[PDB]
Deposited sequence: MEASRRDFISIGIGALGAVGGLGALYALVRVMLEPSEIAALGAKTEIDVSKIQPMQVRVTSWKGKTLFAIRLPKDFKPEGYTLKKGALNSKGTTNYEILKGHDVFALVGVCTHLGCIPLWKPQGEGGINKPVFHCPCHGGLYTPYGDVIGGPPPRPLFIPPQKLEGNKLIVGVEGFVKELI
């Protein structure tokens, strides 16, 4: 049969063309997810030392401390989005770590001890797989 074969063929062609157009225009596929893995080996960071990284955008901290807001209890390894709050500077490590733009101080868990910023740093989600933080 023809008067339905041409309809099915035109429908398949339209579907393929729309798939191509979507794949070009509306697809940041497999390059937008940069990065959801963010391999951060825990056995490389030393105690009381912060590694600068980037998760879901810039920036991200990797804090490790042996002893002791406070969303999480003692895990000794975590990650905080490191950008100052009220005007968006980058705090420097070192025991609190502050940003020198306005004088905002931060405890290694995020909260402020001397605050020009109103609110602390929001903890981004994390996963623990052996010795790799997400």
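Unmodelled regions of the deposited chain sequence (numbering from residue 1, in sequence order): 1 to 7, 76 to 95, 122 to 130, 171 to 181.
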